[PDB]
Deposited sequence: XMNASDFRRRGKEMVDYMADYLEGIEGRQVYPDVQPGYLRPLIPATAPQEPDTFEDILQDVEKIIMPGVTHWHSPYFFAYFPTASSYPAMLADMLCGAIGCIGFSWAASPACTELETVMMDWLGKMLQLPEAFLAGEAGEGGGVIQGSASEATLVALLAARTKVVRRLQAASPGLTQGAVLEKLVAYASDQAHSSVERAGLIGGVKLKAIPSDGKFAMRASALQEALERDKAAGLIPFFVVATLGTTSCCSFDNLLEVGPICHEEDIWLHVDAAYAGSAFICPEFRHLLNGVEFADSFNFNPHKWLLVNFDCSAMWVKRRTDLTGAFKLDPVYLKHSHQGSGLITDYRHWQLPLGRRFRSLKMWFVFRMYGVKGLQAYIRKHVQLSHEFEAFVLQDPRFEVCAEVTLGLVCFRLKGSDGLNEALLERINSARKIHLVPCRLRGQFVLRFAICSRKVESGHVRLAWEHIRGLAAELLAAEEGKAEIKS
């Protein structure tokens, strides 16, 4: 294919993309295909000779689309949002055309330089402490990671190297392996499974801190764990505090946990994968208070800030703490800030989104989602057959039918079966709970109301049947 054919097909593809997202309400959110559906529908071998673009697009529609779960449908209320915005898509187009691999500064100066500035822009939007900004002369700075899962692992490895060096300074005989046996990392019992993965890869013990009645990590529970573990001769080296847990979008208490990590010289990583986007709005920024105690802070623009995956945003206060694991002001060498060596020009996506929405546009997006969340909450609160199971702060409502877990499992099954909307459950303290997450860029009140009416109607049939 040459530039001239690309001019034609590229424009066709633009129309296909826009048609897909514009017409997405008409698609069934969750597929009816069984596991294994695809292989028998396409050839066992790559073609010797080219297929036409037309044949491929037909296959997209007839073979791929039936096996797609439509994340961007208004009726997708599962997990947390993933980002989809046209500015991000435009940037990704340009990103691919430039097509540099920014494993060094010389491989494309702008690929590195734009990223540092975008991380400063975003740092300032979040009102991060200045310690996290690169600027002209900062020791800190930010980096795009592929994902929060990777960010957490990066932070864990930096923390591991750091505590190892601290110990080996005092006892030069000590091997990495002897240190590893003693190390212990902590996270909330509501922490994302990415934390456990990081612990497994990092070769360290990971212990869960019991959350309080609001599913938050607190000083007292951390302190208790630390005392027990220190007395057994273990060395706490890393804590992940989660702002916006997956289960119920609860918030670890950084103001309590931060001082403890400072006094014990424990690396404090803040995972705000979802919730972090909200901190660009002043009315939510209080939830990030205490981040000044963190060694590293991460959230995903690719969840809730309209920057298409992959784009996870991580900042550190001390670049040498980070870069030491992998060996001020201007960053030339992002390869020491992340697991891979290669990277693409992902910062274009941030620049386009930030410039095309503006801060105000992004704030309006967040606030609309939170309003819709509360609109759904209001429905649930006014129905005495249901209960809300946790405080609603952002775009997630946890709710259930009053009654047994079985009733709620049956309700979920009926919702899934009806194929109008897609939701997933969680367990909160052994209890089965339905999650309603505001996801789509295009969700409106009307969608939420119809989702609720749909849920309420199924619940009514279920309750009569009992």
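Residues of the deposited sequence with no modelled C-alpha atom fall in the ranges 1, 329-340, 480-487.
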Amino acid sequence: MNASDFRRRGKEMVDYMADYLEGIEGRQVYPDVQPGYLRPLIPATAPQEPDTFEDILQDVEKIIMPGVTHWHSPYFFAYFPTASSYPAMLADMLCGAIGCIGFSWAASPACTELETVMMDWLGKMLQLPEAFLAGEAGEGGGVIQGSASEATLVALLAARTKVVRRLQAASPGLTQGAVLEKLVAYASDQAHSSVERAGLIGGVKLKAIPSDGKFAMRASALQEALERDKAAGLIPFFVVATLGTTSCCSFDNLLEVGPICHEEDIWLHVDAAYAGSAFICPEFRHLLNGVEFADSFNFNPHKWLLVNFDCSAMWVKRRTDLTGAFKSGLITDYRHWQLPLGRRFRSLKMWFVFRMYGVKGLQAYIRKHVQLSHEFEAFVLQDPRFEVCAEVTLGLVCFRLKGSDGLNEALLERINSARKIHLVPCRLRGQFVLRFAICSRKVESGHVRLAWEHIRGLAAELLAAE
From here on, numbers count along this sequence of modelled residues.
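Looking at mean Cα B-factors across 16-24 and 451-459, the upper value is held by 451-459. Stretches 416-424 and 36-44 differ in mean CA B factor, with 416-424 having the higher one. The residue among 362, 388, 191, 201 whose C-alpha atom has the highest B-factor in the PDB entry is 388. Comparing the listed residues 197, 343, 303, 327, the entry records the largest Cα B-factor for 327. In the PDB entry, a CA B factor belonging to the middle third of its chain's modelled residues is recorded for residue 440. For residue 349, the recorded CA B-factor ranks within the lowest third of the chain. Only modelled residues enter the ranking. Annotation for residue 429: C-alpha temperature factor in the highest third relative to the rest of the modelled chain, per the entry.
In the PDB entry, residue 383 places in the highest third of its chain by CA B-factor. Among the modelled residues of its chain, residue 31 has a C-alpha B-factor that falls in the middle third according to the deposited record.
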